[PDB]
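Engineer: Could you have a look at this structure, given as structure tokens, before my questions?
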Number of protein chains: 2
Amino acid sequence: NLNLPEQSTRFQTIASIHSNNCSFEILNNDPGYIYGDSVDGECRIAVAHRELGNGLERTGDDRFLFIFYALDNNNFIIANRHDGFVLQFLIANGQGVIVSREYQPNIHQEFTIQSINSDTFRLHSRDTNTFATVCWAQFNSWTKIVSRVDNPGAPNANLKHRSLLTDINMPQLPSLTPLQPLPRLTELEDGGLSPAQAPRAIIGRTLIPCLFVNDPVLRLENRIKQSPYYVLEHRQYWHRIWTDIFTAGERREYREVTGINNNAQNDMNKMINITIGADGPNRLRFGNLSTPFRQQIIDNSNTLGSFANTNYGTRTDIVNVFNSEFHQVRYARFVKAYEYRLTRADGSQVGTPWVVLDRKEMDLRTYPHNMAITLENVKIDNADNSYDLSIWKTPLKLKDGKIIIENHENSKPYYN
Amino acid sequence: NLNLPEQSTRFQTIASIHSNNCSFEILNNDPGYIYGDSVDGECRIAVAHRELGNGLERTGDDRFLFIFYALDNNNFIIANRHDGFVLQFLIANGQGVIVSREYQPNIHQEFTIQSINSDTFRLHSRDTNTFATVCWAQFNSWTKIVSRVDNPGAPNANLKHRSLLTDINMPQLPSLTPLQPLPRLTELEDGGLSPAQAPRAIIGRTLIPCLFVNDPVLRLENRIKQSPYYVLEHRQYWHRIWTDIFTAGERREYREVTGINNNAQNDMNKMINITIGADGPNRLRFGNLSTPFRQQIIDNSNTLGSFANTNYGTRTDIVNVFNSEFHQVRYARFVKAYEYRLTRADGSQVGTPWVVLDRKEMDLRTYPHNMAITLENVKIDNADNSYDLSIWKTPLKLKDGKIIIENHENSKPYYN
């Protein structure tokens, strides 16, 4: 069940309703370019880099085909299938024109659709209160696309879509699945599931526009053709940090590394312009490129906005555990992991998933069943930042099958 | 399936971390009010209507309890439980202060949370680059709440929550259910299900902040306490427009009124500041009050943004039908209805639901089974607007159990 307007899930040409067979066409022209067919004056000479032309539409020429990426504010970024550059309003030599530029973004790249009726719309630049149309109403001529204030006698700005391309390599979204608790251990030799065998739950997934996906193998002109959207998945699994057989009364010390590495956060930032904030494993920080889509990404990924100034980092805890049972016992300790994965429209993975190990949500498995280990003591060995320096109140009994979550009763700051 | 920050699903007090006992308190004071405890100067005399005080926190007093309503842009509107007024930044006599005003909204009512660590945050007004705190750092005294830029001398703006109220009458969201096809008719006397008996599918539902819900019986001071969120449901059902027994070869004429009437759109606009746009029965237009929450409302209600300048209206079609069977036949004709319903936290309905009858999606039931009526002719008698003036291509065979949806092949403009 997908909540996008039909303009966001296909490519379409744009034309004046008053033109017999011309449509908006992407050019790589320079200032001083001559539109041969145009009458003399401001409509005959190009005045900016990469103006748009009113060209004879050729079926299946990428230079006429646009996708409308839906922003949270109900405007659109309009990208072309030829090179993935977006439309932009520009004033050059006192003339309002439509050009194509790299996604920045900026307010002049945002367009409003205004529907007049079922098959007629106008393309509004709300900053400047201008509408896109053909220079001096030359609807059947080679000339440029302008954006002008509506006036008695201004050229008619009523547009339509002449052609559609509906086969665009839309991704097939995975189904949502719940996180099941891990199975019980079957004998002393059973270490439980390793991280590579633990089943993944899919908590959320969202489409990501290809425009700000810095895919290491596909340049922009190929992403817009083969993967106009990418898929970001929010998955969870139970991550085993250690397992061992303890003799009766045995004491041991483990180093538990949790959180997410700084290199993984930089990789995620470079790839999609998002990082995990230090306020939680499901809290997203957005840069300039991703911000205009943030509420759609949160709603569909089932994450939340971060309020932190800092990214989630790594922490190393020294834990002392004590087998308070008078039996030989197999213990396996798990924390909840948040796995963020990016795929192309074809299902191929873009890189290694980004993983956050949440130290605040933990489970235990034993053989025999229903045994309990004692957490004697917890010390912080080191932390990348000072955002969350709480530790478990000890002594703490951890029992087979019982999930423990940090709250104000079972934790304290590390110096108390 | 609830994606809100914890600040949006509870009430909390706000306090300086450097105050032993004092929290932000709503006042109904006027300019020239004296803060008895304060040192002389701009901190001793009120300079605006409804300043905030640094008061001794009393547990259970609504004047210290705030809910944070989450905007699409990740700022918040902060409302108090006493009267439902929201916090606002104001300059009075060259002094930056926090006051409480009616939700407007405006940019000075928007606050950013900036987390420093797990239990410490600042309240930022991004327009002005100011942070809320206690006048001249008198953290243990009766005086006003100010908002000042970061400067060497400036009072520490680190805040915390002192108290929580978690029992706030959050609504229970109903489960999503799919639209079933109507049952077959059992005999000639079976007219099928009337609109009041047809089962409703729940396609979407969303929370709506009580601030702009103009509940005809609950004033703002009571809504914030009993129903801090309302529920808007998106339901669909099959709506019977007529049923009759036809003799063999019988012709009849019906007036079919579809759409939604003008009074129903004004009622909806008055109640929640949303109307149905003419571009479709599930397309929402937002006014000034609802716009800041639009993407959350769309995503959770499973509707889409309207691009239309006009609201969905009514249309009256005259249809001529012919029983092309040589049997006596019972016919019942249905169109798809979109039903928008508003309830309080307690489940009580706020008024009559808003219904759009979609003429473009239609079904038929017959007794006996598998009969077909002929649609001879359709003409438009009148329409409120010119947005959709397409009609069915006739003659058209309508068959028992077959849903027909308007497309470019089965419809034409009314003058062809």
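Note on naming: chains are A, B, ... as they come in the structure tokens, residues start from 1 per chain, ligands start from 1 in the order shown.
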Distance cut-off 6 Å, counting only C-alpha atoms - which residues of chain B neighbour chain A? Return them as a ChimeraX atom specification.
Structural biologist: /B:72,113-115,117-118,295,307-308,387
Engineer: With C-alpha atoms retained, export the selected residues as a PDB file, in the first residue's frame.
Structural biologist:
```pdb
ATOM      1  CA  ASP B  72       6.421  17.572   9.981  1.00  0.00           C
ATOM      2  CA  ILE B 113      14.497  20.468  21.086  1.00  0.00           C
ATOM      3  CA  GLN B 114      18.266  20.319  21.192  1.00  0.00           C
ATOM      4  CA  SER B 115      19.448  17.334  23.407  1.00  0.00           C
ATOM      5  CA  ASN B 117      22.628  14.329  26.760  1.00  0.00           C
ATOM      6  CA  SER B 118      20.062  11.688  27.961  1.00  0.00           C
ATOM      7  CA  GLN B 295       2.459  14.650   5.759  1.00  0.00           C
ATOM      8  CA  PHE B 307      -3.372  19.679  -6.246  1.00  0.00           C
ATOM      9  CA  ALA B 308      -6.837  21.258  -7.008  1.00  0.00           C
ATOM     10  CA  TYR B 387     -13.386  19.857 -12.883  1.00  0.00           C
TER      11      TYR B 387
END
```
Engineer: If we count only C-alpha atoms and set the cut-off at 10 Å, which residues sit around residue 382 (chain A), ignoring sequence neighbours fewer than 6 positions away in its own chain? Please answer as a ChimeraX atom specification.
Structural biologist: /A:257,314-318
Engineer: Hey, can you spit out that residue selection with N, CA and C atoms as a compact mmCIF listing (two decimals), in the first residue's frame?
Structural biologist:
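Written out: out.txt:
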```txt
# COMPACT_ATOMS: atom_id res chain seq x y z
N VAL A 257 31.39 -4.64 23.46
CA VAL A 257 31.45 -3.46 22.56
C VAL A 257 30.06 -3.27 21.97
N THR A 314 30.41 4.25 19.77
CA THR A 314 30.81 2.96 20.36
C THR A 314 31.03 3.19 21.85
N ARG A 315 30.79 2.15 22.61
CA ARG A 315 31.13 2.06 24.03
C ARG A 315 31.59 0.65 24.35
N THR A 316 32.61 0.54 25.17
CA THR A 316 33.15 -0.73 25.67
C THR A 316 32.88 -0.82 27.16
N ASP A 317 32.10 -1.80 27.58
CA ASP A 317 31.80 -2.08 29.01
C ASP A 317 32.58 -3.33 29.44
N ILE A 318 33.23 -3.31 30.61
CA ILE A 318 33.78 -4.52 31.26
C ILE A 318 32.67 -5.07 32.16
```
Engineer: Can you tell me which residues surround region 352-357 of chain A at a distance of at most 12 Å, considering only C-alpha atoms, apart from same-chain residues fewer than 5 positions away, and format the answer as an MDAnalysis selection string?
Structural biologist: chainID A and resid 195 232:241 256:269 271:272 274:278 280:283 311:316 334:343 362
Engineer: Just the residues within 8 Å of residue 87 (chain A), please, counting only C-alpha atoms, with nothing from its chain fewer than 3 positions along; format it as a PDB file with N, CA and C atoms, in the first residue's frame.
Structural biologist:
```
ATOM      1  N   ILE A  77      10.260  18.087  -6.684  1.00  0.00           N
ATOM      2  CA  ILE A  77      11.544  18.158  -7.420  1.00  0.00           C
ATOM      3  C   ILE A  77      11.323  17.367  -8.715  1.00  0.00           C
ATOM      4  N   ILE A  78      11.588  17.985  -9.854  1.00  0.00           N
ATOM      5  CA  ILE A  78      11.284  17.403 -11.185  1.00  0.00           C
ATOM      6  C   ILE A  78      12.583  17.046 -11.876  1.00  0.00           C
ATOM      7  N   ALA A  79      12.859  15.756 -11.993  1.00  0.00           N
ATOM      8  CA  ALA A  79      14.126  15.234 -12.579  1.00  0.00           C
ATOM      9  C   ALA A  79      13.915  14.645 -13.972  1.00  0.00           C
ATOM     10  N   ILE A  98      13.061  28.587 -17.130  1.00  0.00           N
ATOM     11  CA  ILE A  98      13.320  27.241 -16.578  1.00  0.00           C
ATOM     12  C   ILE A  98      14.646  26.680 -17.142  1.00  0.00           C
ATOM     13  N   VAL A  99      15.555  26.282 -16.261  1.00  0.00           N
ATOM     14  CA  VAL A  99      16.832  25.607 -16.590  1.00  0.00           C
ATOM     15  C   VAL A  99      16.868  24.247 -15.882  1.00  0.00           C
ATOM     16  N   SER A 100      17.862  23.439 -16.185  1.00  0.00           N
ATOM     17  CA  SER A 100      18.105  22.177 -15.459  1.00  0.00           C
ATOM     18  C   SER A 100      19.465  22.297 -14.759  1.00  0.00           C
ATOM     19  N   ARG A 101      19.503  21.947 -13.473  1.00  0.00           N
ATOM     20  CA  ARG A 101      20.695  21.993 -12.595  1.00  0.00           C
ATOM     21  C   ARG A 101      20.722  20.722 -11.760  1.00  0.00           C
ATOM     22  N   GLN A 109      14.089  25.132  -6.999  1.00  0.00           N
ATOM     23  CA  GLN A 109      13.940  23.772  -7.584  1.00  0.00           C
ATOM     24  C   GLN A 109      12.600  23.170  -7.161  1.00  0.00           C
TER      25      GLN A 109
END
```
Engineer: Which neighbours of residue 210 (chain B) fall inside 9 Å, counting only C-alpha atoms, when residues of the same chain fewer than 3 positions from it are skipped, and could you give them as a list in words?
Structural biologist: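 So the residues in contact are residues 84, 213, 214, 215, 220, 223, 224, 227, 228, 229 and 230 of chain B.
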Engineer: Using DSSP assignments from the backbone, pull out every residue in region 189-361 of chain B that falls under alpha helix (DSSP H) and give it to me as a ChimeraX atom specification.
Structural biologist: /B:220-226,262-272,294-301
Engineer: Limited to C-alpha atoms, could you put the picked residues into a file as a tab-separated table (two decimals), in the first residue's frame?
Structural biologist:
```tsv
chain	number	residue	atom	x	y	z
B	220	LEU	CA	-10.24	24.07	24.33
B	221	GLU	CA	-9.63	24.01	28.18
B	222	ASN	CA	-11.64	20.70	28.34
B	223	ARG	CA	-10.37	19.13	25.05
B	224	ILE	CA	-6.70	19.30	26.15
B	225	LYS	CA	-7.66	17.34	29.37
B	226	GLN	CA	-10.11	14.72	27.92
B	262	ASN	CA	-21.15	22.16	-0.25
B	263	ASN	CA	-22.52	22.24	3.39
B	264	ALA	CA	-20.62	19.04	4.27
B	265	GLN	CA	-17.30	20.56	2.96
B	266	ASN	CA	-17.89	23.80	5.04
B	267	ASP	CA	-18.69	21.64	8.14
B	268	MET	CA	-15.45	19.67	7.62
B	269	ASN	CA	-13.43	22.85	7.05
B	270	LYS	CA	-14.90	24.44	10.25
B	271	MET	CA	-14.28	21.24	12.32
B	272	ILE	CA	-10.68	20.25	11.30
B	294	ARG	CA	-0.07	17.43	6.60
B	295	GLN	CA	2.46	14.65	5.76
B	296	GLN	CA	1.70	12.77	9.06
B	297	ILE	CA	-2.08	13.03	8.33
B	298	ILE	CA	-1.66	11.74	4.73
B	299	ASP	CA	0.74	8.90	5.67
B	300	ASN	CA	-1.49	7.62	8.54
B	301	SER	CA	-4.92	8.20	6.92
```
Engineer: Could you please write out, as an NGL selection string, every residue of region 265-366 of chain A that DSSP assigns to strand (DSSP E or B)?
Structural biologist: :A and (274-277 or 283-286 or 304-305 or 308 or 311 or 314-322 or 329-343 or 349 or 354-366)
Engineer: Write the residues of the selection above to a file with N, CA and C atoms, as a CSV table (one decimal), in the first residue's frame.
Structural biologist:
```csv
chain,number,residue,atom,x,y,z
A,274,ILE,N,22.0,10.7,5.9
A,274,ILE,CA,21.4,10.4,7.2
A,274,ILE,C,22.4,9.7,8.1
A,275,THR,N,22.3,10.0,9.4
A,275,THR,CA,23.2,9.3,10.5
A,275,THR,C,22.3,9.0,11.6
A,276,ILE,N,22.7,8.1,12.5
A,276,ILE,CA,22.0,7.7,13.7
A,276,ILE,C,22.4,8.7,14.8
A,277,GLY,N,21.4,9.4,15.4
A,277,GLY,CA,21.7,10.3,16.5
A,277,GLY,C,22.0,9.5,17.8
A,283,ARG,N,16.8,6.6,16.0
A,283,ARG,CA,16.7,8.1,15.8
A,283,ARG,C,17.6,8.6,14.7
A,284,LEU,N,17.0,9.3,13.7
A,284,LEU,CA,17.7,9.7,12.5
A,284,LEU,C,18.0,11.1,12.5
A,285,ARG,N,19.2,11.5,12.1
A,285,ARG,CA,19.6,12.9,11.8
A,285,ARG,C,19.6,13.0,10.3
A,286,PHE,N,19.2,14.2,9.8
A,286,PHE,CA,19.0,14.4,8.3
A,286,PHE,C,20.0,15.6,8.0
A,304,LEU,N,12.3,7.4,14.3
A,304,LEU,CA,11.9,8.8,14.9
A,304,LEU,C,13.0,9.8,14.5
A,305,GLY,N,12.6,11.0,14.6
A,305,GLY,CA,13.6,12.1,14.5
A,305,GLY,C,14.5,12.2,15.7
A,308,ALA,N,19.5,15.1,19.0
A,308,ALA,CA,20.9,15.2,19.4
A,308,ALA,C,21.7,16.0,18.4
A,311,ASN,N,26.3,12.1,16.9
A,311,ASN,CA,26.0,10.8,16.4
A,311,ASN,C,26.2,9.7,17.5
A,314,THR,N,30.4,4.2,19.8
A,314,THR,CA,30.8,3.0,20.4
A,314,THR,C,31.0,3.2,21.8
A,315,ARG,N,30.8,2.2,22.6
A,315,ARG,CA,31.1,2.1,24.0
A,315,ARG,C,31.6,0.6,24.4
A,316,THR,N,32.6,0.5,25.2
A,316,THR,CA,33.2,-0.7,25.7
A,316,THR,C,32.9,-0.8,27.2
A,317,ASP,N,32.1,-1.8,27.6
A,317,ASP,CA,31.8,-2.1,29.0
A,317,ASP,C,32.6,-3.3,29.4
A,318,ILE,N,33.2,-3.3,30.6
A,318,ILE,CA,33.8,-4.5,31.3
A,318,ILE,C,32.7,-5.1,32.2
A,319,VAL,N,32.2,-6.3,31.9
A,319,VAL,CA,31.2,-6.9,32.8
A,319,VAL,C,31.7,-8.1,33.6
A,320,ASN,N,31.5,-8.2,34.8
A,320,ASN,CA,31.9,-9.4,35.7
A,320,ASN,C,30.6,-10.1,35.9
A,321,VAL,N,30.5,-11.4,35.5
A,321,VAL,CA,29.3,-12.3,35.7
A,321,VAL,C,29.8,-13.5,36.6
A,322,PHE,N,28.8,-14.0,37.3
A,322,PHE,CA,29.0,-15.0,38.4
A,322,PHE,C,27.9,-16.0,38.1
A,329,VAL,N,26.6,-24.7,33.6
A,329,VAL,CA,25.5,-24.1,32.8
A,329,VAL,C,26.1,-23.4,31.5
A,330,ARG,N,25.4,-23.6,30.4
A,330,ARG,CA,25.7,-22.8,29.2
A,330,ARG,C,24.9,-21.5,29.2
A,331,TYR,N,25.6,-20.4,29.1
A,331,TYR,CA,25.0,-19.1,29.0
A,331,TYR,C,25.3,-18.5,27.6
A,332,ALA,N,24.2,-17.9,27.0
A,332,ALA,CA,24.4,-17.1,25.8
A,332,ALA,C,23.6,-15.8,26.0
A,333,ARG,N,24.4,-14.6,25.8
A,333,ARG,CA,23.9,-13.3,26.1
A,333,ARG,C,23.7,-12.5,24.7
A,334,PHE,N,22.6,-11.9,24.6
A,334,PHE,CA,22.2,-11.2,23.3
A,334,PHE,C,21.8,-9.7,23.7
A,335,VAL,N,22.1,-8.8,22.7
A,335,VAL,CA,21.5,-7.5,22.8
A,335,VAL,C,20.7,-7.3,21.5
A,336,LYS,N,19.8,-6.3,21.5
A,336,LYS,CA,19.0,-6.0,20.3
A,336,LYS,C,19.8,-5.2,19.3
A,337,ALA,N,19.8,-5.6,18.1
A,337,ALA,CA,20.5,-4.9,17.0
A,337,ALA,C,19.5,-4.3,16.0
A,338,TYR,N,19.9,-3.1,15.5
A,338,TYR,CA,19.1,-2.3,14.5
A,338,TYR,C,20.0,-2.3,13.2
A,339,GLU,N,19.5,-3.0,12.2
A,339,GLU,CA,20.3,-3.1,10.9
A,339,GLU,C,19.6,-2.3,9.8
A,340,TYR,N,20.3,-1.4,9.3
A,340,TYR,CA,19.8,-0.5,8.2
A,340,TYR,C,20.5,-1.0,6.9
A,341,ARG,N,19.7,-1.3,5.9
A,341,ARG,CA,20.1,-1.9,4.7
A,341,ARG,C,19.6,-1.1,3.5
A,342,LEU,N,20.4,-0.8,2.5
A,342,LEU,CA,20.1,-0.1,1.3
A,342,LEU,C,20.2,-1.0,0.1
A,343,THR,N,19.2,-1.1,-0.8
A,343,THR,CA,19.2,-1.9,-2.0
A,343,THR,C,18.7,-1.0,-3.2
A,349,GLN,N,22.3,-5.3,-3.1
A,349,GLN,CA,22.7,-4.5,-1.9
A,349,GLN,C,23.8,-3.5,-2.3
A,354,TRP,N,24.4,-1.1,7.9
A,354,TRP,CA,24.8,-0.2,9.1
A,354,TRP,C,24.1,-0.8,10.3
A,355,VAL,N,24.9,-1.2,11.3
A,355,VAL,CA,24.3,-1.9,12.5
A,355,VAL,C,24.6,-1.1,13.8
A,356,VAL,N,23.5,-0.9,14.6
A,356,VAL,CA,23.7,-0.4,15.9
A,356,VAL,C,23.3,-1.4,17.0
A,357,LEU,N,24.3,-1.8,17.8
A,357,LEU,CA,24.0,-2.7,18.9
A,357,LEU,C,23.5,-1.9,20.1
A,358,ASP,N,22.2,-2.1,20.6
A,358,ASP,CA,21.6,-1.4,21.7
A,358,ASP,C,21.9,-2.2,23.0
A,359,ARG,N,22.8,-1.6,23.8
A,359,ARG,CA,23.2,-2.2,25.1
A,359,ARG,C,22.0,-2.1,26.1
A,360,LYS,N,21.0,-1.3,25.8
A,360,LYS,CA,19.9,-1.1,26.8
A,360,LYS,C,18.8,-2.1,26.7
A,361,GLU,N,18.9,-3.1,25.8
A,361,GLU,CA,17.8,-4.1,25.6
A,361,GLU,C,18.5,-5.5,25.4
A,362,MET,N,18.3,-6.3,26.5
A,362,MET,CA,19.1,-7.5,26.5
A,362,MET,C,18.3,-8.8,26.9
A,363,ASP,N,18.7,-9.9,26.4
A,363,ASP,CA,18.1,-11.2,26.6
A,363,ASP,C,19.2,-12.3,26.9
A,364,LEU,N,18.8,-13.4,27.4
A,364,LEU,CA,19.7,-14.5,27.9
A,364,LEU,C,19.0,-15.8,27.5
A,365,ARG,N,19.8,-16.8,27.1
A,365,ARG,CA,19.4,-18.2,26.9
A,365,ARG,C,20.4,-19.1,27.7
A,366,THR,N,19.8,-20.2,28.3
A,366,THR,CA,20.6,-21.1,29.2
A,366,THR,C,20.3,-22.6,28.8
```
Engineer: Find the residues around residue 105 (chain B) up to 10 Å (only C-alpha atoms counted), leave out those fewer than 5 positions away in its own chain, and share them as a list in words.
Structural biologist: residues 77, 86, 88, 110, 212, 288, 289, 290, 291 and 292 of chain B
Engineer: Since we have the selection now, will you write its residues out, keeping N, CA, C and O atoms, as an mmCIF file, in the first residue's frame?
Structural biologist:
```cif
data_model
loop_
_atom_site.group_PDB
_atom_site.id
_atom_site.type_symbol
_atom_site.label_atom_id
_atom_site.label_comp_id
_atom_site.auth_asym_id
_atom_site.auth_seq_id
_atom_site.Cartn_x
_atom_site.Cartn_y
_atom_site.Cartn_z
ATOM 1 N N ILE B 77 4.961 22.391 18.735
ATOM 2 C CA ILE B 77 4.009 23.354 19.346
ATOM 3 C C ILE B 77 3.771 22.841 20.756
ATOM 4 O O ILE B 77 3.437 21.650 20.895
ATOM 5 N N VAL B 86 -0.621 27.877 23.744
ATOM 6 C CA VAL B 86 0.731 27.369 23.386
ATOM 7 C C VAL B 86 1.784 28.420 23.725
ATOM 8 O O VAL B 86 1.486 29.617 23.671
ATOM 9 N N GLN B 88 4.978 30.863 23.054
ATOM 10 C CA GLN B 88 5.332 31.748 21.927
ATOM 11 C C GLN B 88 6.443 32.682 22.369
ATOM 12 O O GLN B 88 6.345 33.199 23.501
ATOM 13 N N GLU B 110 6.903 27.881 17.169
ATOM 14 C CA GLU B 110 7.633 26.628 16.870
ATOM 15 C C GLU B 110 8.899 26.552 17.718
ATOM 16 O O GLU B 110 9.754 27.434 17.575
ATOM 17 N N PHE B 212 -6.813 22.502 16.934
ATOM 18 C CA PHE B 212 -7.576 23.092 15.796
ATOM 19 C C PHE B 212 -8.814 22.238 15.507
ATOM 20 O O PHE B 212 -9.348 22.398 14.387
ATOM 21 N N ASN B 288 -4.466 26.724 7.008
ATOM 22 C CA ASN B 288 -3.340 27.291 7.814
ATOM 23 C C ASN B 288 -3.132 26.481 9.097
ATOM 24 O O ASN B 288 -1.996 26.380 9.549
ATOM 25 N N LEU B 289 -4.189 25.928 9.675
ATOM 26 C CA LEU B 289 -4.127 25.293 11.011
ATOM 27 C C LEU B 289 -3.596 23.874 10.856
ATOM 28 O O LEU B 289 -2.778 23.453 11.718
ATOM 29 N N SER B 290 -3.977 23.177 9.786
ATOM 30 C CA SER B 290 -3.670 21.737 9.605
ATOM 31 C C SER B 290 -2.374 21.516 8.805
ATOM 32 O O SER B 290 -1.751 20.464 9.021
ATOM 33 N N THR B 291 -1.888 22.500 8.032
ATOM 34 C CA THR B 291 -0.745 22.358 7.086
ATOM 35 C C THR B 291 0.502 21.829 7.797
ATOM 36 O O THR B 291 1.277 21.031 7.227
ATOM 37 N N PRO B 292 0.847 22.301 9.014
ATOM 38 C CA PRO B 292 2.101 21.900 9.654
ATOM 39 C C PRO B 292 2.193 20.399 9.999
ATOM 40 O O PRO B 292 3.280 19.932 10.287
#
```
Engineer: For residue 153 (chain A), please output as a PDB file with N, CA, C and O atoms, in the first residue's frame all residues within 10 Å (counting only C-alpha atoms; exclusion window: fewer than 2 positions along the same chain).
Structural biologist:
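selection_17.pdb, freshly written:
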```
ATOM      1  N   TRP A 136       6.571  33.753 -25.448  1.00  0.00           N
ATOM      2  CA  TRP A 136       5.666  34.598 -26.302  1.00  0.00           C
ATOM      3  C   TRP A 136       4.586  33.742 -27.003  1.00  0.00           C
ATOM      4  O   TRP A 136       4.132  34.122 -28.096  1.00  0.00           O
ATOM      5  N   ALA A 137       4.146  32.643 -26.379  1.00  0.00           N
ATOM      6  CA  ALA A 137       3.027  31.796 -26.857  1.00  0.00           C
ATOM      7  C   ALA A 137       3.356  31.174 -28.224  1.00  0.00           C
ATOM      8  O   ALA A 137       2.406  30.938 -28.987  1.00  0.00           O
ATOM      9  N   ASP A 150       1.273  35.943 -13.941  1.00  0.00           N
ATOM     10  CA  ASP A 150       0.073  35.822 -14.808  1.00  0.00           C
ATOM     11  C   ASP A 150      -0.443  37.267 -14.937  1.00  0.00           C
ATOM     12  O   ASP A 150      -0.190  38.113 -14.052  1.00  0.00           O
ATOM     13  N   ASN A 151      -0.873  37.579 -16.146  1.00  0.00           N
ATOM     14  CA  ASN A 151      -1.226  38.938 -16.610  1.00  0.00           C
ATOM     15  C   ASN A 151      -2.333  38.742 -17.617  1.00  0.00           C
ATOM     16  O   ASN A 151      -2.375  37.691 -18.255  1.00  0.00           O
ATOM     17  N   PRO A 155       1.335  34.712 -21.906  1.00  0.00           N
ATOM     18  CA  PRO A 155       1.065  33.461 -22.605  1.00  0.00           C
ATOM     19  C   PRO A 155       0.333  32.431 -21.730  1.00  0.00           C
ATOM     20  O   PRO A 155       0.751  32.237 -20.570  1.00  0.00           O
ATOM     21  N   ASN A 156      -0.653  31.745 -22.310  1.00  0.00           N
ATOM     22  CA  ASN A 156      -1.438  30.684 -21.639  1.00  0.00           C
ATOM     23  C   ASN A 156      -0.498  29.655 -21.002  1.00  0.00           C
ATOM     24  O   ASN A 156       0.400  29.131 -21.676  1.00  0.00           O
TER      25      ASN A 156
END
```
Engineer: Which residue, A:158, A:52, A:211, A:345, has the smallest gap to residue 83 (chain A) when you use only C-alpha atoms?
Structural biologist: A:211
